[PDB]
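Enquirer: Below you will find the structure I want to go over with you.
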There are 2 protein chains.
Amino acid sequence: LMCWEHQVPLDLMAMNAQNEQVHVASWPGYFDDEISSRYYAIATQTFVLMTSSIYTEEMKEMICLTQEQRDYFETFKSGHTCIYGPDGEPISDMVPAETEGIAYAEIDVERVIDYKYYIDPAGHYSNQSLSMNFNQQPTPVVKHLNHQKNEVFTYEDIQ
Amino acid sequence: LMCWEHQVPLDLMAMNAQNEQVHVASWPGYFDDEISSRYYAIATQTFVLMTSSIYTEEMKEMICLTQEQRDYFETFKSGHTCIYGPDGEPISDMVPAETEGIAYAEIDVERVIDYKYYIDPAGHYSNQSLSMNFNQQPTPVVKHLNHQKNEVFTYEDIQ
């Protein structure tokens with residue numbers, strides 16, 4: 001899931017109904033990410049890879065065309081990259097802020113069994129009065145029926 | 001053989017060298033058919049079917065323009081249609097003069113043996129001092145070699 005999808009409960013239920021076990025939480029780097037990813041870990045019983053970006057001088061000098069714009073953009077806060085376990089606790093060192101790096105962890109998918117034990121909202125930890133509709137039908141604006149490939153009459157055939 | 005081909009000895013020898021047995025002697029109607037055909041029967045030891053045509057008034061009206069031409073063409077003598085044995089003697093009735101008819105005979109190819117006994121110029125009845133050259137190769141003015149059909153480009157193909 002991407003950024004603020006972690007603060008949309010129906011997205012969490014859509015992932016939980018499909019029995020997710022390892023989850024990638026990609027964030028851009030300006031919106032708060034620690035709490036949302038940790039809660040997703042706890043409430044979905046998943047290992048969470050929280051990945052975030054950093055800012056570069058080339059970016060700042062490409063988009064900040066005015067001193068006011070530059071000063072406003074320089075106040076943007078930094079994201080973090082870390083890996084959490086099914087209990088929301090980190091299982092790796094946080095990459096130093098505003099630096100390039102990769103976080104590593106050992107993922108034992110068997111650990112999720114110890115947390116399905118006492119919570120699984122899409123399974124046993126549910127009430128009959130609250131349910132969710134998950135419509136997976138393709139929803140393009142225009143539906144192509146019997147797609148074809150156009151015939152071409154090459155110049156040589158015509159002459 | 002046709003008409004005066006029976007009076008050319010080399011044609012008799014060409015037929016004999018191929019061991020002819022039953023001979024069709026075609027004649028037009030004006031030239032003496034009797035002697036040549038009977039001699040052919042004897043000399044080639046063959047049964048000879050002598051066939052001749054007759055004149056009609058439609059032919060005379062077509063080709064005679066003057067009266068002198070008609071009178072001159074009225075003197076042409078008739079042919080004869082008869083069959084002979086390998087001894088030159090008739091084996092069927094001569095058809096009536098200047099009438100349409102068919103002569104029938106019983107041909108016994110076995111009868112030619114008894115006259116091959118007497119004479120066979122292409123075989124035993126020959127002398128080493130005389131010989132014939134029978135050139136059986138084709139003699140066309142233009143020899144067509146590798147006659148092959150060329151392709152044709154149709155209108156639709158060009159279009």
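Going through the structure tokens in order, the chains are called A, B, and so on, while each chain numbers its residues from 1 and the ligands are numbered from 1 in the order shown.
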Please report as JSON lines every residue of chain A lying within 10 Å of chain B, along with the nearest atom pair and their distance in Å (one decimal), using only C-alpha atoms.
Expert:
```
{"residue": "A:156", "atom": "CA", "partner": "B:159", "partner_atom": "CA", "distance": 8.6}
{"residue": "A:157", "atom": "CA", "partner": "B:159", "partner_atom": "CA", "distance": 7.1}
{"residue": "A:158", "atom": "CA", "partner": "B:159", "partner_atom": "CA", "distance": 5.9}
{"residue": "A:159", "atom": "CA", "partner": "B:159", "partner_atom": "CA", "distance": 4.5}
```
Enquirer: Would you save the residues from that selection as a PDB file, in the first residue's frame, using N, CA, C and O atoms?
Expert:
```pdb
ATOM      1  N   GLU A 156       2.329  -2.117 -52.251  1.00  0.00           N
ATOM      2  CA  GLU A 156       2.612  -3.024 -53.359  1.00  0.00           C
ATOM      3  C   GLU A 156       1.363  -3.771 -53.797  1.00  0.00           C
ATOM      4  O   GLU A 156       1.121  -3.934 -54.999  1.00  0.00           O
ATOM      5  N   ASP A 157       0.551  -4.229 -52.843  1.00  0.00           N
ATOM      6  CA  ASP A 157      -0.677  -4.931 -53.202  1.00  0.00           C
ATOM      7  C   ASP A 157      -1.613  -4.038 -54.004  1.00  0.00           C
ATOM      8  O   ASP A 157      -2.221  -4.484 -54.983  1.00  0.00           O
ATOM      9  N   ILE A 158      -1.750  -2.776 -53.599  1.00  0.00           N
ATOM     10  CA  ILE A 158      -2.635  -1.859 -54.311  1.00  0.00           C
ATOM     11  C   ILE A 158      -2.155  -1.665 -55.743  1.00  0.00           C
ATOM     12  O   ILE A 158      -2.952  -1.680 -56.688  1.00  0.00           O
ATOM     13  N   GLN A 159      -0.853  -1.486 -55.929  1.00  0.00           N
ATOM     14  CA  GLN A 159      -0.281  -1.400 -57.269  1.00  0.00           C
ATOM     15  C   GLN A 159       0.277  -2.765 -57.678  1.00  0.00           C
ATOM     16  O   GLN A 159      -0.141  -3.807 -57.180  1.00  0.00           O
TER      17      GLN A 159
END
```
Enquirer: Let's see if you can do this: from backbone DSSP, list all strand (DSSP E) residues in stretch 25-139 of chain A, as number ranges by chain.
Expert: A: 25-26, 47-51, 82-84
Enquirer: I'd like the neighbourhood of stretch 22-37 of chain B as a VMD selection string, where a residue qualifies if any of its atoms comes within 10 Å (using only C-alpha atoms), though same-chain residues fewer than 5 positions away should be ignored.
Expert: chain B and resid 1 to 8 15 42 to 55 75 to 86 88 98 107 to 109 112
Enquirer: Please return as a VMD selection string: the residues of chain B that backbone DSSP assigns to helix (DSSP H, G or I).
Expert: chain B and resid 3 to 7 9 to 17 34 to 44 57 to 63 67 to 74 109 to 116 155 to 158
Enquirer: Any idea what the distance is between atom CA of residue A:58 and atom CA of residue A:101?
Expert: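 Between atom CA of residue A:58 and atom CA of residue A:101 the gap is 18.8 Å.
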Enquirer: Find the spatial neighbours of residue B:60, counting only C-alpha atoms, within a cut-off of 10 Å - ignore same-chain residues fewer than 3 positions away - and output them as a list in words.
Expert: residues 55, 56, 57, 63, 64, 65, 69, 70, 73 and 74 of chain B
Enquirer: Could you please determine the separation between atom CA of residue A:96 and atom CA of residue A:21 in Å, to one decimal place?
Expert: 26.8 Å
Enquirer: Show me, as number ranges by chain, the residues that have an atom within 9 Å of residue A:17 when counting only C-alpha atoms, minus same-chain residues fewer than 6 positions from it.
Expert: A: 121-123
